[PDB]
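Here's the structure we're looking at; comments come further down.
Each ligand, and each atom within it, is numbered from 1 in the order the structure gives. The sequence lines fix the lettering, A, B, ..., with proteins before strands; numbering per chain opens at 1.
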Amino acid sequence: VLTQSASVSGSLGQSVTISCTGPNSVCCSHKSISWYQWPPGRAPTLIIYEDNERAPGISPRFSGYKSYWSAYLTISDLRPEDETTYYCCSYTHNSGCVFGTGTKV
Amino acid sequence: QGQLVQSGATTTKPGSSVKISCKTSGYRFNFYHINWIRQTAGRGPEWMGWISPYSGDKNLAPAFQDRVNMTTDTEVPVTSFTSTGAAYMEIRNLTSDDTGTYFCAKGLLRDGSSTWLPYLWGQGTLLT
Amino acid sequence: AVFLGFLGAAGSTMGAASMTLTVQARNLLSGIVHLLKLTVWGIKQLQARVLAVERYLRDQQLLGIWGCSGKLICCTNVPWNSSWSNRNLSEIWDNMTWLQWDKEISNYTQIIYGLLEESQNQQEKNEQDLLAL
Amino acid sequence: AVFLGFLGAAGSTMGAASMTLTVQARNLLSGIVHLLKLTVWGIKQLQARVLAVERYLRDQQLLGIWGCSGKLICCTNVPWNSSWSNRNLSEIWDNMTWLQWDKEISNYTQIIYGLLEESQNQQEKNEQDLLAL
Amino acid sequence: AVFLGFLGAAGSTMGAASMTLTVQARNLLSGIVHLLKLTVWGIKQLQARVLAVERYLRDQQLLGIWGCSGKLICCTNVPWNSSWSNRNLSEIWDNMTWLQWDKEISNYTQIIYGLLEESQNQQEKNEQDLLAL
Ligand SMILES: *[C@@H]1O[C@H](CO)[C@@H](O[C@@H]2O[C@H](CO)[C@@H](O[C@@H]3O[C@H](CO[C@H]4O[C@H](CO)[C@@H](O)[C@H](O[C@H]5O[C@H](CO)[C@@H](O)[C@H](O)[C@@H]5O)[C@@H]4O)[C@@H](O)[C@H](O[C@H]4O[C@H](CO)[C@@H](O)[C@H](O)[C@@H]4O)[C@@H]3O)[C@H](O)[C@H]2NC(C)=O)[C@H](O)[C@H]1NC(C)=O
Ligand SMILES: *[C@@H]1O[C@H](CO)[C@@H](O[C@@H]2O[C@H](CO)[C@@H](O[C@@H]3O[C@H](CO[C@H]4O[C@H](CO)[C@@H](O)[C@H](O[C@H]5O[C@H](CO)[C@@H](O)[C@H](O)[C@@H]5O)[C@@H]4O)[C@@H](O)[C@H](O[C@H]4O[C@H](CO)[C@@H](O)[C@H](O)[C@@H]4O)[C@@H]3O)[C@H](O)[C@H]2NC(C)=O)[C@H](O)[C@H]1NC(C)=O
Ligand SMILES: *[C@@H]1O[C@H](CO)[C@@H](O[C@@H]2O[C@H](CO)[C@@H](O[C@@H]3O[C@H](CO[C@H]4O[C@H](CO)[C@@H](O)[C@H](O[C@H]5O[C@H](CO)[C@@H](O)[C@H](O)[C@@H]5O)[C@@H]4O)[C@@H](O)[C@H](O[C@H]4O[C@H](CO)[C@@H](O)[C@H](O)[C@@H]4O)[C@@H]3O)[C@H](O)[C@H]2NC(C)=O)[C@H](O)[C@H]1NC(C)=O
Ligand SMILES: *[C@@H]1O[C@H](CO)[C@@H](O)[C@H](O)[C@H]1NC(C)=O
Ligand SMILES: *[C@@H]1O[C@H](CO)[C@@H](O)[C@H](O)[C@H]1NC(C)=O
Ligand SMILES: *[C@@H]1O[C@H](CO)[C@@H](O)[C@H](O)[C@H]1NC(C)=O
Ligand SMILES: *[C@@H]1O[C@H](CO)[C@@H](O)[C@H](O)[C@H]1NC(C)=O
Ligand SMILES: *[C@@H]1O[C@H](CO)[C@@H](O)[C@H](O)[C@H]1NC(C)=O
Ligand SMILES: *[C@@H]1O[C@H](CO)[C@@H](O)[C@H](O)[C@H]1NC(C)=O
Ligand SMILES: *[C@@H]1O[C@H](CO)[C@@H](O)[C@H](O)[C@H]1NC(C)=O
Ligand SMILES: *[C@@H]1O[C@H](CO)[C@@H](O)[C@H](O)[C@H]1NC(C)=O
């Protein structure tokens with residue numbers, strides 16, 4: 001129910017921008033948005049939480065933004081290891097991670 | 001630091017009920033929640049639930065409300081800030097449509113608005 | 001409300017323990033530590049009395065030369081050199097306890113005490129020049 | 001002018017004694033209280049010396065956690081609960097002496113010392129949040 | 001830079017020594033001055049410990065009743081009576097050392113300590129009247 005971008009790509013040095021949106025049930029003003037980098041069938045990785053706060057160690061080229069109707073995730077200056085699938089999650093302080101559909105980058 | 005070694009790659013058939021083990025090291029097991037996540041093939045990733053290794057409190061999705069038993073046993077002090085814990089996962093009216101990889105991940109922070117957020121994950125376990 | 005007691009939040013997060021500082025502050029010169037007899041117990045109690053006022057005045061002298069007299073929480077003008085700790089605000093105040101924080105900040109605590117010291121001496125030099133008109 | 005001396009206005013009105021506070025302030029750590037010999041008189045004088053700095057530092061520690069460091073007259077943010085004393089301003093400062101005032105306010109003096117304590121800790125928490133921008 | 005050390009600028013000009021006050025400030029309660037044994041050396045060390053906190057608290061009490069708590073350089077409202085010293089600013093701060101200055105200002109240092117004392121008590125009386133509205 002939390003629709004992401006279908007798919008998209010770029011080139012080394014360029015940037016991308018994944019989307020994440022949905023109804024009033026899971027988006028956006030009264031919810032937080034986290035961004036997990038999730039290679040298929042492996043240990044995931046937290047990139048950004050609370051709409052735009054990067055997890056410790058995350059490269060600054062990963063960035064988060066949230067409009068009043070859709071949350072974004074820009075991945076600047078691409079590199080080889082970026083070819084993974086990315087999922088957004090909506091959550092509050094006492095709930096669960098409503099994950100997103102998916103986006104192949 | 002922090003590690004969360006998971007159990008083996010179990011293989012059963014519908015109707016049964018299997019237990020998944022998550023064993024932690026390098027951090028205080030009581031200070032962060034333990035989350036259970038499922039990555040099925042015929043669906044998007046599903047957050048199953050988290051449980052409090054300190055308060056014993058548990059919270060899971062309605063898609064698992066009366067089907068899953070989440071439990072943890074008390075930690076073992078190693079140093080002032082390092083302990084070893086364990087978290088257990090069970091499913092009731094289990095079929096074969098619940099097949100996939102299962103992950104355990106601990107919480108993010110000890111306070112704030114993203115306390116329970118799955119931050120440090122395990123290596124996963126293949127199932128039926 | 002809560003009120004855990006003296007050192008009651010030693011295991012809590014730095015942000016949570018930082019709200020109950022008066023709890024530890026008042027127990028730094030009291031305890032239960034009238035004639036002065038020099039018996040085996042009397043000498044022991046005299047040392048306990050002199051020691052408490054000594055260690056109390058050392059901390060107050062540091063707060064003085066930093067410009068933080070009478071403050072439990074004072075802000076400064078020493079910027080946080082990230083080589084002391086590259087941790088972020090949330091992963092400190094909502095994650096670490098003061099004990100494990102003191103463990104990793106312990107190497108540079110002498111460097112910080114010097115920068116706070118000269119920041120206050122230069123600050124008091126500027127305030128005098130500004131009031132010279 | 002007047003200058004009654006140490007405790008000279010102990011029988012005067014609270015408003016009149018309140019103008020000569022420095023008179024009592026300076027005599028709280030001096031008196032006449034160089035080698036340390038442990039004779040019968042020498043032990044006596046050592047106890048007199050340690051005791052004065054002890055009772056002096058207890059009062060200064062209270063002034064500290066109240067936000068009244070270095071003040072003889074500091075104002076606060078604890079409102080006067082009339083169940084402490086329903087007397088009016090004029091019938092206090094122009095009528096009562098500090099001795100008879102301390103006599104009737106003595107029951108609640110511990111309650112007041114706690115409200116002053118947490119008023120300062122919450123105040124120092126607000127000043128930090130205001131300077132966070 | 002420079003950093004001459006403890007008392008390193010005792011022969012320097014008053015204006016030059018006045019920039020390195022923290023150097024002398026921190027060495028007023030430390031030195032190297034755990035059981036309390038009353039041996040010939042043990043009594044000696046106990047006197048050295050009590051004495052340092054005594055002379056330290058006397059100076060801090062003066063800074064308190066002057067309104068200069070926690071300050072190395074505080075400005076006042078006592079005007080400079082030229083009968084204390086008719087020297088000019090430049091021939092003091094760029095000429096005299098604090099030692100030879102203290103030599104000629106020594107007679108009136110008690111007069112100055114009283115004017116500073118009552119200036120602060122009247123000042124704290126005014127601040128209360130201003131906050132009475
Ligand atoms: C010792 O160490 C432990 C482990 O770290 C500490 O326990 C953790 O404390 C932190 C903060 O104190 C907790 O974070 C909070 O999490 C809650 C989420 O829980 C809420 O939701 C539950 C599921 O929906 C619900 O069951 C709860 O409701 C009651 O039920 C339980 C049953 O046991 C009861 O124990 C609860 O107390 C409730 O009465 C519960 O409401 C979340 O709501 C908090 O967010 C709010 O507050 C923060 C500020 O703290 C604010 O920023 C937010 O915006 C929001 O307003 C907060 O995130 C954490 O859950 C605890 N448990 C862990 C980490 O496992 C313990 O506090 C330490 N004690 C000491 C003395 O050191
Ligand atoms: C000990 O305790 C006693 C008893 O309480 C105290 O004595 C009282 O002190 C208060 C204040 O100090 C006095 O209140 C003042 O009253 C005067 C009225 O007296 C004036 O009028 C007299 C009649 O007209 C006149 O004779 C006086 O003139 C001189 O003569 C007498 C002769 O003995 C001499 O003693 C006087 O000193 C005079 O030199 C006198 O002028 C009144 O003027 C005062 O009001 C002014 O001041 C107040 C501020 O205080 C101000 O608010 C007003 O607006 C106004 O400007 C003031 O009300 C009281 O009269 C005293 N006697 C009592 C109560 O019986 C004594 O002070 C205490 N001492 C100590 C050390 O504790
Ligand atoms: C102990 O006591 C002695 C004696 O009083 C002190 O020595 C005196 O110190 C004061 C200030 O510290 C000096 O005043 C300064 O004078 C210089 C002039 O010298 C400059 O010009 C020289 C000739 O052109 C030149 O050779 C110098 O250049 C270098 O060479 C010498 C060679 O030995 C070397 O020693 C120098 O250090 C230089 O490296 C020198 O540049 C003048 O420039 C100063 O004015 C500037 O600074 C003041 C502020 O201080 C400012 O107000 C001005 O506007 C300007 O910016 C200043 O007037 C004095 O010359 C010293 N000698 C005397 C008086 O004989 C000594 O400091 C004391 N030490 C301690 C620890 O107490
Ligand atoms: C989970 O399993 C334990 C096994 O000891 C059992 O005691 C407990 O009741 C189970 N949880 C629920 C909710 O039934
Ligand atoms: C941090 O401190 C080191 C020495 O401890 C210094 O070399 C460096 O310049 C400092 N960095 C900043 C940003 O102040
Ligand atoms: C919390 O503090 C511990 C202390 O070692 C650290 O290992 C951990 O990474 C911190 N948590 C986060 C989310 O940074
Ligand atoms: C502090 O110094 C010791 C010296 O052996 C070193 O081992 C340790 O890693 C240092 N810690 C930090 C945080 O710099
Ligand atoms: C006064 O104090 C009592 C308890 O001592 C309290 O119940 C009451 O509410 C207080 N009144 C006011 C006006 O603060
Ligand atoms: C203080 O407490 C005592 C207890 O016996 C009581 O008798 C007295 O009246 C109280 N005084 C006030 C002012 O409350
Ligand atoms: C200086 O002090 C004397 C007494 O020491 C005094 O008589 C004189 O009026 C004072 N002068 C000034 C200008 O204050
Ligand atoms: C200080 O007093 C002594 C008293 O003998 C006098 O000789 C000296 O000149 C006085 N000095 C000053 C600066 O007034």
Problem - ring pair (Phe, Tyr, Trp, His ring centres under 6.0 Å) between B:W47 and A:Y91, intermediate numbers included - result: CA-CA 11 Å; B:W47 165 85; A:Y91 64 94; over 10 Å; no
Completion exercise
In short, salt bridge (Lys or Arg N to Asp or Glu O under 4.0 Å) pairs touching residues 80-103 of chain E with sequence neighbours left out are E:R87-E:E91, E:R87-E:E104
Using distance only, find each side-chain donor-acceptor pair of residues 20-27 of chain C under 3.5 Å and give its atom names and separation, not counting sequence neighbours.
unit_1, atom_1, unit_2, atom_2, d
C:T20, OG1, C:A17, O, 3.3
C:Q24, OE1, C:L7, N, 2.7
C:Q24, NE2, C:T20, O, 3.2
C:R26, NH1, D:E117, OE2, 2.4

Practice task
Could you tell me whether E:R58 atom CZ has more than 12 heavy atoms of other residues or ligands within 6.0 Å of it?
Solution key: yes
Show me a pair-per-line table, with atom names and distances to 0.1 Å, of protein N or O atoms that are under 3.5 Å from an N or O of ligand 1.
unit_1, atom_1, unit_2, atom_2, d
ligand 1, 2 (O), B:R110, NH2, 3.2
ligand 1, 5 (O), B:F31, O, 2.9
ligand 1, 5 (O), B:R110, NE, 3.3
ligand 1, 26 (O), B:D57, OD2, 2.6
ligand 1, 33 (O), B:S55, OG, 3.0
ligand 1, 45 (O), B:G112, O, 3.4
ligand 1, 50 (O), B:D111, OD1, 2.4
ligand 1, 50 (O), B:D111, OD2, 3.2
ligand 1, 52 (O), B:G112, O, 3.2
ligand 1, 54 (O), B:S113, OG, 3.3
ligand 1, 58 (O), B:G112, O, 2.8
ligand 1, 58 (O), B:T115, OG1, 2.7
ligand 1, 60 (O), B:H33, NE2, 3.3
ligand 1, 65 (O), B:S52, OG, 3.1
ligand 1, 72 (O), C:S12, OG, 2.6

Practice task
Collect the protein residues that have a non-hydrogen atom under 4.0 Å from ligand 7 and hand them over in chain and number order.
Solution key: C:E104, C:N107, C:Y108
Exercise for the section: Using a strict cut-off of less than 4.0 Å between a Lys/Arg side-chain nitrogen and an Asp/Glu carboxylate oxygen, indicate whether B:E75 and B:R28 qualify as a salt bridge. Expected result: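 Salt bridge: yes.
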Problem - ring pair (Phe, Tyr, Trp, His ring centres under 6.0 Å) partner of B:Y32, chosen from B:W116, B:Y27, B:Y54 - result: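 Single ring pair (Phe, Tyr, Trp, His ring centres under 6.0 Å) partner of B:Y32 among B:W116, B:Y27, B:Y54: B:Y27.
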Handout entry: C:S90 and C:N88 side chains, donor-acceptor separation under 3.5 Å
Key =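 There is no such pair (donor and acceptor under 3.5 Å, judged by atom type) between the side chains of C:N88 and C:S90.
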Exercise for the section: Report yes if the SG atoms of A:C27 and A:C20 are separated by under 2.5 Å, and no otherwise. Expected result: no
Handout entry: Side-chain heavy atoms of B:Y88 within contact of B:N69, under 4.5 Å
Key =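 Side-chain contact under 4.5 Å: no.
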